[PDB]
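Protein chains in written order, with PDB author numbering: chain H, 213 to 313, 316 to 365; chain C, 292 to 339; chain Z, 1130 to 1178; chain U, 9 to 110; chain Y, 825 to 872; chain V, 51 to 128, 153 to 589; chain L, 437 to 485.
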DNA sequence: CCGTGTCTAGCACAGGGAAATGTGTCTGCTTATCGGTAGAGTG
DNA sequence: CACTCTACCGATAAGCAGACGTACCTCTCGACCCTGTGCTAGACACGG
RNA sequence: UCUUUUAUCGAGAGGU
Ligand SMILES: [Mg+2]
Ligand SMILES: [Zn+2]
Ligand SMILES: [Zn+2]
């Protein structure tokens, strides 16, 4: 059961860190490279994990036991704000950071608004969707010229 | 943090030279003409 | 019509000339206001009175 | 990059074709598959990139149920689910699929 | 030329302060020289 | 060649069978290629350009710039001419289609033989670079204060390097102790990247001269100056608690901002590389030479304590010998350095992306040449001298429009200089005509209103220097007998003549007349 | 505008209250105003442009 | 050997969103130091 | 009935940050950037 | 029987 995996005081700490918008995945990557490269050396990077949630723009979270390891993980990283802005997360806040998810809507016969092309902004009825599940056939009031000025 | 951002917008809607924090820029990088500045100054309203 | 010329036409005393220079010969406007609240928020319509 | 639906690991797609999944390929056999099979067991759509450096002592890894896997990049959420025929085959192998799509 | 370039604007701003300070002192119909709200400045204008 | 090469690197662990491959990506840059201006038609053809059509069709007048590249791969398990942009050309300079030809063809080319050149052409217009002006660098100035201040005398210096002719850091020394006010008459300095006024004995002993005979030996040049020696006492009585090197090194290392937790071990190394680099960079940046800097600081404190006790007048801030004009050379260089750094870093980023997919970056496509072209054309086109995204806080009014009207109001425009002191604060010291302006600038001609005395117009027989290297002079000196520094000793050298070269103090001699 | 109308007449910058005075009109050709020279003392004016 | 179809790459257009670190005088108002008591716990 | 030992309000500076630069009039010369997605064109491979 | 259009922000060069 997932309820037996809840964090305790014995688990490492998690710090949040502010990073350049859009560079959160890059920072997570860079931290992994540094960790793996230093494994088994006399100066290992003493972090356990790092991650970035899309819903939380401009932040990376880093798992460790000492704050100094956070500074070590980010040292020289050009995507991280130099101000000593890291913040501590409470144990009681940990699991919510890792919640995976109900918009998943769209039904045949319903209305949607088109987001691209000459029909951008127009209301359309959903007629049907592709077998694979990607594109939907829409019923639309046309915007035509009957070839009037074609060459 | 987002609520603090809303406070920041409501703040820079009526004052641009808030001593204490950077001026909210335009799209093209120029300081916004907050309402506080249409009035004061030699070339505002009550002088102009 | 700078502030200093205003000060001079105050020094002469011609109040009507000033009331003119700063109204008719520039930008006159009319506003319908209430008498209880005291704001320029009156919704008016004229040809229907 | 694609994410394995079984273990959540994130790798360049061709890796799933070249070497299989490093955590799962004993049962998934992606190494010896076609692209249709790889694309049914791995997803191009995933969210929440996680660097796991120390699987076995990370609480983050334990929560995501990747604590017995190899250090690497993992995804918090992987969209899609394993095809019912593959789930059935995994179950024949004593493997229980817990979907990672939320 | 430098001194001439300096002092004139100084004197102008000084005059603006003076005029904006003294611009509501009238001579009412009995000799009093009251301001805008009755503070008798001079009881009889010019003392004579 | 300020930044010769670029270097990437790749360590290992790339989904393999435990096999490292240390791979570096290195790029080198040798050789410039400058071609005469050329028009690239919209049809696609190209042909030579001349300034007449450059003016008529509202065109720019620039030259392509080619730069060579070269790559190399480092490993260990355990191309050709790239067009980097165009540069506007000044009329009648060697790299122009008008330095030759002579008259008859000048007439056929629709150009007047009375025009003298000297102006740029941007977007079918004629631009001029107002000779800008700055203050001289790498000398020693000693100014004073007004009196409601706890500081009575200040020594100041701006340090700038030579290859590049650009400024780096600012260093100061402040003398406290108002005349019988402020209690202690102590001396406190200021460093780059620090927080508090660090005393002086602490920087002496911090550089490695812990005794006192060496310090009072460096500062004063006589053993009878018991007046300066009388003022020195509180400096040593202030620097008594520190007696050796390391505790002063870390005494400085703890203040210098940095992080917070670089204790003794790493923080001493922090303060050390601080006291090699930023502090007095125009002297040197190689180790085993800190004696030189100690001698220099000795001279500086000496001059300060010569100005404080009133044996020599305070420096005048407007003596025209202490000023340097920035013409068309020292301006175009800085902007191009900035833009070139930007191009370099963009190439860096594109290389990062095209190597993650494990491909070859074509170099022909890894260069967006519009950076330098649009930057130069913008800065010369508008005048806001600097960049674009930083509109404010950047200097304005350096490139103006030529004043074509009469033939005097043009020669009187290709000779003008401008001092950026401002318009506020009135004051009548930077506006007056100084005594040292005899024959170097004009006394009468000047605008009126806000800028009287600021805008200048050079005399009829003036000239601006170019810039010669100093190593030959050093050879001509060390021929006849310039004694090196390290052999110095002030009690041994109490009658020597101290030879300066470009400000940095390099040696001493004895008999000066023959030299 | 015809003969003998009273027009106000002003120069910037006006200081004392004599820099704004009403003159009588007199139509003349050419393109410039005209003043009797005796009124060049309150205006601080001269005909040098 | 030629033609057609599919896939990949490049260019153009549209939509969304910021940053590597790099002038001088006055007055009033908001914070630390100083005293000074001015009391009461004390021998 | 000398004594301290602390809770008061003075009176200090004390440091600080910001608020403020004559009047009117004429003329000439300039304009968002970056990233992502979609569409079109070209090249290569396969089939007839 | 009328009517009838002059962006915007900023920078600089000028005249009393
Ligand atoms: Mg005149
Ligand atoms: Zn009402
Ligand atoms: Zn897997």
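From the three backbone atoms N, C-alpha and C, an ideal C-beta is built for every residue, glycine too.
Remark: C-beta atoms of residue 514(V) and residue 536(V) approach each other more closely than 8 Å.
For residue 314(C), there is no enclosing alpha helix (DSSP H), since its DSSP letter is neither H nor E. If you ignore the 5 residues before and after residue 64(V), its C-beta comes within less than 8 Å of the C-beta of 71, all in its own chain and listed in chain order. By the Cβ-count criterion, residue 242(H) is buried, with 16 or more other Cβ atoms from all chains shown falling within 10 Å of its own Cβ. The count of Cβ pairs closer than 8 Å, one atom from the segment 114 to 122 of chain V and one from the segment 204 to 217 of chain V, stays below three, leaving the stretches out of contact. Contact annotation: in the segment 834 to 846 of chain Y, residues whose CB is within less than 7 Å of a CB in chain Z are 843.
Judged by the Cβ position, residue 17(U) qualifies as a neighbour of ligand 3 at the 7 Å threshold, a heavy atom of the ligand being closer than this. For the pair of segments examined, the segment 1150 to 1169 of chain Z was found not to touch the segment 469 to 479 of chain L: the number of CB pairs separated by less than 8 Å stays below three. A straight-line Cα-Cα distance of about 45 Å links residue 441(V) and residue 67(U). Contact annotation: residue 453(L) and residue 1161(Z) have beta-carbon atoms that are not nearer than 8 Å. Looking at the backbone, the Cα of residue 255(H) and that of residue 281(H) are separated by about 11 Å. Of all alpha-carbon atoms in 107(V), 523(V), 554(V), the one lying nearest the alpha-carbon of residue 589(V) is that of 554(V). In the DSSP assignment, the residues bridged to residue 864(Y) are 858(Y). Judged by DSSP secondary structure, residue 352(H) falls within the beta strand (DSSP E) whose first and last residues are 350 to 353.
Annotation for residue 1172(Z) indicates a beta carbon at 7 Å or more from all heavy atoms of ligand 2. Taking non-hydrogen atoms of ligand 1 into account, the C-beta of residue 485(L) is found less than 7 Å away from one of them. For residue 482(L), the shortest C-beta to heavy atom distance toward ligand 1 is below 7 Å. The DSSP-derived three-state label of residue 237(H) is helix. For the C-beta of residue 219(H), the chain U residues within less than 7 Å are, from N- to C-terminus, 67.
Setting aside the 5 residues that flank it on each side, residue 100(V) is surrounded in the same chain by 171, 183, each with a C-beta closer than 7 Å to its C-beta; the list follows chain order. Counting other Cβ atoms within 10 Å of its Cβ, residue 1152(Z) stays below 16 and is therefore classed as exposed.
Counting only runs of 3 or more residues that sit fully inside the segment 187 to 216 of chain V, the beta strand (DSSP E) segments are 194 to 196, 199 to 203, 205 to 209, in chain order.
From the listed residues 79(V), 98(V), 80(V), the smallest Cα separation to residue 87(V) is found for 98(V). In this structure, the straight-line span from the alpha carbon of residue 32(U) to that of residue 110(U) is close to 20 Å. Nearest CB-CB separation between residue 1137(Z) and chain L: below the 8 Å threshold. By the neighbour-count criterion, in which a residue is buried when 16 or more other Cβ atoms sit within 10 angstroms of its Cβ, residue 221(H) is exposed. Summarising the contact set, residues whose Cβ lies nearer than 6 Å to any heavy atom of ligand 2 are, in chain order, 1163(Z), 1165(Z), 1166(Z). Look at residue 338(C): its C-beta is not under 8 Å from any C-beta on chain V. In the DSSP annotation of this structure, residue 528(V) is not part of any alpha helix (DSSP H), being labelled neither H nor E. Here DSSP, grouped into helix, strand and coil, assigns residue 115(V) to strand. For the segment 441 to 519 of chain V, the full-length alpha helix (DSSP H) segments reaching 4 residues or more read 444 to 456, 482 to 485 along the chain. Ligand 3 approaches residue 32(U) closely enough that one of its heavy atoms is under 7 Å from the residue's Cβ. Listed as beta-bridge partners of residue 446(L) by DSSP are 456(L). Burial is judged here by how many other beta carbons sit within 10 angstroms of a residue's own beta carbon; residue 422(V) has fewer than 16 and is exposed. Annotation for residue 243(V): the continuous beta strand (DSSP E) segment containing it runs 241 to 249.
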